[PDB]
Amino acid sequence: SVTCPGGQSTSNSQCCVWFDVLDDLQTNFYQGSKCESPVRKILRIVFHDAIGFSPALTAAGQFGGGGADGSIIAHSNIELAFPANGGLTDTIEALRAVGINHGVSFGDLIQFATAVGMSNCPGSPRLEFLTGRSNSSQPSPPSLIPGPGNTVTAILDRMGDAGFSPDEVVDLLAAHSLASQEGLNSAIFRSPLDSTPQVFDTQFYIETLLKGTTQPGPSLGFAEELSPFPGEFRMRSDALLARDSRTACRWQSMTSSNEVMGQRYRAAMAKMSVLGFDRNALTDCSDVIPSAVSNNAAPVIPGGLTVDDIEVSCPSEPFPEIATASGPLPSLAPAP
């Protein structure tokens, strides 16, 4: 086969350097293959790098962004000044050093680190990994990243211009199952968006549908909504997307099966990874990506709440039978 210097077998010669950056990222960036803040920050970075792509700007004669081109690292001096890119500098610098030291393009490195980071989180699918994106990039145009205070129409139009259907926008948001916020309400730093910030599961879709009952911090932050229990943060765009008629039925369908959720998320991420590129010009090195440990827990409505506490918003499909839990209402600790 093509046997890499380390004895691993792979598809193509070009995949062998990625076994060295795999070891470096797992030992150093991810602190011993952990699923903590570095993974959550890299997931926010892959979205902010790739979504700087706009066919509408190109059509009007303007540069519309190179997509998944690593421009957020090569042109960090301009892209990290954008409102949406706060809290990312330290992760960007860490990634810059790995890219330089290994001689790989910045666009490829961000896609690789997302696939490897997710493999550290129980329940994750194995994401596709393609190599060969040119290292040359121009700065992304401003105002192409969706914000938590935007209306559902605004988010759907931005995402549609980039190439995503309403269903794929709901599918991409499965990444909020491994998420917290740091900059919307700094008083409750790293408050999780679902009760399992370290497990890639369906809890995010279930819990954003529950009635907002609780104010988790001393005041409300930017685009903050009432949440279902102490310690969980709910942002306005997630609350609105769960309830809007254009996205509500896809959101409800994501609540009962981790297997369907993983499959849909893997497909939407593969599409996002080549925005600005032709995937037929890239080399497939997906065999370098290791498997995640499986998640054996079933979907649940936490802490004694029942289906009467969820605000069913898909008028055509009845809400799935999800297991209920006993005990009092949970209070979530900060995400690690």
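Residues carry their position along the shown sequence, with the first being 1.
Averaged over their C-alpha atoms, the temperature factors of 228-236 and 112-120 are higher for 228-236. Of the two stretches examined, 153-161 and 208-216, the record assigns the greater average C-alpha temperature factor to 208-216. For the set 71, 101, 257, 252, the PDB entry puts the maximum C-alpha B factor at 101.
Highest CA B-factor among 200, 265, 222, 106, as stated in the entry: 222. Sort the modelled residues of the chain by CA B factor and residue 88 lands in the middle third. In the PDB entry, a CA B factor belonging to the middle third of its chain's modelled residues is recorded for residue 54. Among all modelled residues in its chain, residue 47 ranks in the lowest third by Cα B-factor. Placement of the Cα temperature factor of residue 62 within the chain: highest third of the modelled residues, per the deposited record. Among the modelled residues of its chain, residue 142 has a C-alpha B-factor that falls in the highest third according to the deposited record.
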